[PDB]
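Numbering (the deposited numbering), first residue to last: 281 to 385.
What follows is the structure, encoded as structure tokens:
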């Protein structure tokens, strides 16, 4: 007997201690990654949410109410308090970076 298909799976390592919030976290890449994946399961497509926020970071184009409220749900603010600060310090700039790099890498 044999198996023609096999796959030969990678033996995964151990996960960190704690519960829920320790795995996803909320700071920089942590808040960004947790946010976008939460948007995807809420139904907001990766391309749409990123297009909205990135256009607000670059062109200063307001985020549509659907994506905007979805961001407020995942803890991100779809506003520009001060455009100079909100291009660098903004949770949206972490969302644009994390979402682009999970596609770009």
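Positions of the beta carbon are idealized from the N, C-alpha and C atoms, including for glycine.
Look at the Cβ atom of residue 322, then the Cβ atom of residue 298, and state whether they are nearer than 8 Å. no
Tell me the DSSP secondary structure of residue 364 in three-state form. coil
Considering only residues of the same chain and omitting the five flanking positions on each side of residue 346, which have a CB-CB separation below 8 Å? 324
Buried or exposed: where does residue 350 fall if 16 or more other Cβ atoms within 10 Å of its Cβ makes it buried? With 16 or more Cβ atoms within 10 Å of its Cβ, residue 350 is classed as buried.
If you follow the alpha helix (DSSP H) that residue 329 is part of, which residue opens it and which one closes it? It spans 326 to 338 - the alpha helix (DSSP H) in which residue 329 sits, taken as one unbroken run.
From what residue to what residue does the alpha helix (DSSP H) around residue 310 run? 309 to 322
Presumed contact (8 Å Cβ cut-off) between residue 319 and residue 333, rounded CB distance: With 8 Å as the limit, residue 319 and residue 333 do not qualify as a contact, their Cβ atoms being about 10 Å apart.
Whose C-beta lies closer than 8 Å to the C-beta of residue 311 among residues of the same chain, with five residues either side of it excluded? 305, 355, 356, 371, 374
Are residue 363 and residue 340 close, meaning C-beta to C-beta below 8 Å? Yes; because the gap between Cβ atoms is below 8 Å, this pair is in contact.
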